[PDB]
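Below: the structure, in structure tokens.
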Amino acid sequence: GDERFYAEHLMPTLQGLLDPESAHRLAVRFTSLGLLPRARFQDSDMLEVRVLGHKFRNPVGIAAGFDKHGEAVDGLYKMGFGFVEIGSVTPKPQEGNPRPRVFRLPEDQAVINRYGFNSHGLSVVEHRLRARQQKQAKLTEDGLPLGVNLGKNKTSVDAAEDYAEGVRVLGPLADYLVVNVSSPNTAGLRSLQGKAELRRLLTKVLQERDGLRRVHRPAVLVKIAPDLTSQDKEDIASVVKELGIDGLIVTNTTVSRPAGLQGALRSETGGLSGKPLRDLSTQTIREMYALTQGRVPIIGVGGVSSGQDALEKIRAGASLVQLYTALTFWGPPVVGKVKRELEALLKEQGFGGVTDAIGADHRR
Ligand SMILES: Cc1cc2nc3c(=O)[nH]c(=O)nc-3n(C[C@H](O)[C@H](O)[C@H](O)COP(=O)(O)O)c2cc1C
Ligand SMILES: O=C(Nc1cc(Cl)cc(Cl)c1)Nc1ccccc1C(=O)O
Ligand SMILES: CCCCCCCCCCC[N+](C)(C)[O-]
Ligand SMILES: O=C1C[C@@H](C(=O)O)NC(=O)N1
């Protein structure tokens with residue numbers, strides 16, 4: 001699990017041999033078989049966070065979209081992530097967009113994808129999680145929670161009902177649910193982010209959640225785009241506080257193309273992730289934290305590949321962070337790297353632990 005060997009040799013060679021979707025599929029397969037490094041980094045108490053009704057032994061999770069179908073959850077904990085989010089899962093199976101649909105921008109340390117919610121569907125994922133449900137219960141009790149990100153089918157005629165089905169089927173199996181209302185790659189999905197129908201949508205979601213038995217009742221979070229107007233964000237903050245949404249995930253990929261991208265493939269359609277997204281997502285965290293008065297837990301995601309990247313989102317108001325794209329460039333060692341650097345920076349800047357640092361920028 002040597003960071004330099006993966007970063008300088010293994011990964012560059014893998015990317016030379018495999019297109020990104022092939023690499024992704026191979027990585028999921030290897031991970032689910034435990035064929036990858038087991039974290040030697042043992043988490044210190046400084047990294048522990050309590051939010052969303054759970055203990056997280058460290059604040060660094062794997063973002064949705066890597067393990068879309070729930071196949072590699074245990075290998076991902078083994079890799080050192082403090083929590084795992086699977087999905088997005090749609091109600092029925094669907095294939096997603098035609099290939100190629102994932103693109104590498106090496107010069108920018110970025111990826112563009114237009115997968116389009118390729119999904120095994122709720123039923124398959126349900127049985128997959130049921131097969132390890134008790135193992136997960138112990139992991140969660142141990143401080144390693146599981147999130148499930150819910151999507152909707154391309155041809156769906158009623159978006160709210162798709163999400164409602166997801167709550168009923170996978171909600172009993174998840175520590176938290178994510179209503180993904182921010183994918184760049186499904187027609188019309190992102191406009192579920194406007195006020196009146198976001199309120200209608202989330203009201204129905206929360207009602208379905210509340211109808212689940214107490215011990216099987218997940219937290220519900222909303223995952224938003226980096227691409228929202230001031231008005232959108234203002235409206236989302238309002239609805240979230242009004243309905244009692246448990247948290248926000250900030251952010252999904254961007255449909256923007258920031259000035260300065262060098263990759264040959266920069267003009268491919270889809271969502272951009274990685275380094276070019278980093279500060280855009282950090283600023284969105286900062287804004288949503290202020291609009292919710294620091295009362296609504298935020299998971300910060302976008303361009304995290306170092307302890308500094310993570311701490312900047314934490315200080316901006318994130319209680320937890322996720323990464324994905326950094327894994328595709330640096331490989332598994334990046335997880336321990338981020339955790340180790342985060343702990344060092346926390347001591348360095350005088351924080352007793354992660355919890356003390358949450359939102360710290362707003363208190364200056
Ligand atoms: C290949 C790929 C597939 C993704 N699939 C999903 C998805 O299915 N559901 C979702 O909510 N986010 C998905 N995302 C977005 C990530 O969860 C994350 O929000 C985004 O990539 C920003 O974090 P990062 O810069 O560390 O990659 C995907 C991202 C990538 C790169
Ligand atoms: O996931 C990996 N690679 C990978 C390689 C290793 Cl050696 C380990 C792990 Cl977990 C993942 N790669 C990707 C995942 C999603 C989208 C694009 C890629 C890519 O390669 O461009
Ligand atoms: C029966 C429905 C089948 C849907 C399959 C969708 C593509 C799944 C490809 C493997 C997972 N992955 C995200 C790594 O491409
Ligand atoms: O939420 C999502 C969906 C994913 C996909 O296209 O499957 N692409 C993304 O970048 N974010």
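Order of appearance sets the numbers: ligands from 1, and atoms from 1 within every ligand. Residue indices begin at 1 and follow the sequence shown.
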* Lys/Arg-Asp/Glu bridge criterion (N-O < 4.0 Å) met for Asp108, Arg266 -> no
* Structure fact -> Judged by heavy atoms only, the candidate from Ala225, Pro226, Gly65 nearest atom 5 (N) of ligand 1 is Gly65
* Of all the non-hydrogen atoms in the protein, which one sits nearest to atom 11 (N) of ligand 4, and at what distance? -> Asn252 OD1, 2.7 Å
* **Protein residue, atom and distance nearest to atom 7 (C) of ligand 3, heavy-atom basis** => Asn118 ND2, 3.3 Å
* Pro93 heavy atoms, cut-off 4.0 Å: which ligand 3 atoms fall inside? -> 1 (C), 2 (C)
* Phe66 and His24 aromatic centres sub-6.0 Å -> yes
* Structure fact -> At under 4.0 Å between heavy atoms, what of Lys68 touches ligand 4? The answer is side chain
* Say whether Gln283 and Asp279, considering side chains only, have a donor N or O and an acceptor N or O under 3.5 Å apart. => no
* To do: Examine the proximity of ligand 1 to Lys223 and report which part, side chain or backbone, both or neither, has a heavy atom under 4.0 Å away.
  => side chain
* Considering distance alone, does some N or O of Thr253 sit under 3.5 Å from an N or O of ligand 4? -> yes
* To do: Indicate whether any N or O donor in one side chain lies under 3.5 Å from an N or O acceptor in the other, for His120 and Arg128.
  => yes
* Do any nitrogen or oxygen atoms of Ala64 lie less than 3.5 angstrom from nitrogen or oxygen atoms of ligand 1? -> yes
* atom 9 (N) of ligand 1: which protein heavy atom is closest, and how many Å away? -> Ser88 OG, 2.8 Å
* Candidate with minimal heavy-atom separation from atom 3 (C) of ligand 4, of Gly116, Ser183, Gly87, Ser88 -> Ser183
* Answer yes if the side chains of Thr229 and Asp232 hold a donor-acceptor pair under 3.5 Å, and no otherwise. => yes
* Heavy-atom contacts with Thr253 under 4.0 Å: which atoms of ligand 1 show up? List them by number with element. => 15 (C), 20 (C), 21 (O)
* **Matching residue for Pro145 among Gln136, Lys55, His54, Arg57 - test: side-chain contact (heavy atoms from CB on, under 4.5 Å)** => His54
* To do: Could you list the atoms of ligand 1 found under 4.0 angstrom from a heavy atom of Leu277?
  => 22 (C)
* Asked: For atom 1 (O) of ligand 4, what is the nearest protein heavy atom, given as residue, atom name and distance?
  -> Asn180 ND2, 2.8 Å
* Structure fact -> Near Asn185 (heavy-atom distance under 4.0 Å), the atoms of ligand 4 are 4 (C), 5 (C), 6 (O), 8 (N), 9 (C), 10 (O)
* Interatomic distance, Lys275 atom NZ to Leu261 atom CG [nearest 0.5 angstrom] -> 11.5 Å
* Can you tell me if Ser238 and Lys195 form a side-chain donor-acceptor pair at under 3.5 Å? -> yes
* Asked: Hey, does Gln94 sit under 4.0 Å from ligand 3 if you only count heavy atoms?
  -> yes
* Below 3.5 angstrom, do we get any N/O pair linking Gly271 and ligand 4? -> no
* Asked: Which ligand 1 atoms are under 4.0 Å away from a heavy-atom of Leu323?
  -> 26 (O)
* To do: Please confirm whether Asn113 comes within less than 3.5 Å of ligand 4 when only nitrogen or oxygen atoms on both sides are compared.
  => yes
* To do: Just jot down the ligand 1 atoms closer than 4.0 angstrom to any heavy atom of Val301, in number order.
  => 18 (C), 19 (O), 23 (O)
* To do: For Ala326 and ligand 1, answer yes if some heavy atom of the residue is under 4.0 Å from a ligand atom, otherwise no.
  => no
* Numbered atoms and elements of ligand 1 in range of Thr251, under 4.0 angstrom, heavy atoms -> 19 (O)
* **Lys241-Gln293 side chain donor-acceptor pair, cut-off 3.5 Å** => yes
* To do: Provide the number and element of each atom of ligand 1 under 4.0 Å from a heavy atom of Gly274.
  => 25 (O)
* Asked: Among side-chain atoms of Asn252 and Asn180, is any donor-acceptor pair under 3.5 angstrom?
  -> yes
* Modelled atom types, side-chain donor and acceptor of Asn153 and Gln94, under 3.5 Å -> yes
* Structure fact -> re atom 5 (C) of ligand 3, the protein heavy-atom contact at minimum distance is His120 CD2, 3.8 Å
* Among all protein heavy atoms, pick out the one at the shortest distance from atom 11 (O) of ligand 1; state its residue, atom name and that distance to 0.1 Å. => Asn149 ND2, 2.8 Å
* Asked: Would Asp74 and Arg132 pass as an ion pair if we require N to O under 4.0 Å?
  -> yes
* **Side chain proximity check, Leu202 to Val220, heavy atoms < 4.5 angstrom** => no
* What are the atoms of ligand 3, with element, lying closer than 4.0 Å to any heavy atom of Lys68? -> 13 (C)
* To do: Indicate whether any N or O donor in one side chain lies under 3.5 Å from an N or O acceptor in the other, for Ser182 and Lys223.
  => no
* **Note: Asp142-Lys135 ion pair, threshold 4.0 Å (strictly below)** => no
* Asked: Taking both backbone and side-chain atoms of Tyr324, is any N or O found less than 3.5 Å from an N or O belonging to ligand 1?
  -> yes
* Heavy-atom contacts with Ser119 under 4.0 Å: which atoms of ligand 3 show up? List them by number with element. => 2 (C), 4 (C), 6 (C)
* **For atom 15 (C) of ligand 1, the protein heavy atom that lies nearest, with its residue and separation** => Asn252 OD1, 3.5 Å
* Under 3.5 Å, N or O to N or O, is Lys68 touching ligand 1 that way? -> yes
* Side-chain donor-acceptor pair present, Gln322, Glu85, cut-off under 3.5 Å -> yes
* Asked: Any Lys/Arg nitrogen of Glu48 or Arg50 sitting under 4.0 Å from an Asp/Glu carboxylate oxygen of the other?
  -> yes
* **Side chain, backbone, both or neither: the part of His69 lying under 4.0 Å from ligand 3 by heavy atom** => side chain
* To do: Evaluate the side-chain proximity of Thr90 to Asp162: yes if any heavy-atom separation is below 4.5 Å, no if none is.
  => no
* **Close-contact set for ligand 1 against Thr325 heavy atoms, below 4.0 Å** => 24 (P), 25 (O), 26 (O), 27 (O)
* What atoms in ligand 1 come closer than 4.0 Å to a heavy atom of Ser273? -> 21 (O), 25 (O), 27 (O), 31 (C)
* To do: May I ask you to identify, for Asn113, whether its side chain, its backbone, both or neither come under 4.0 Å of ligand 1 on a heavy-atom basis?
  => side chain
* Does a side-chain N-to-carboxylate-O contact under 4.0 Å join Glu3 and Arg340? -> yes
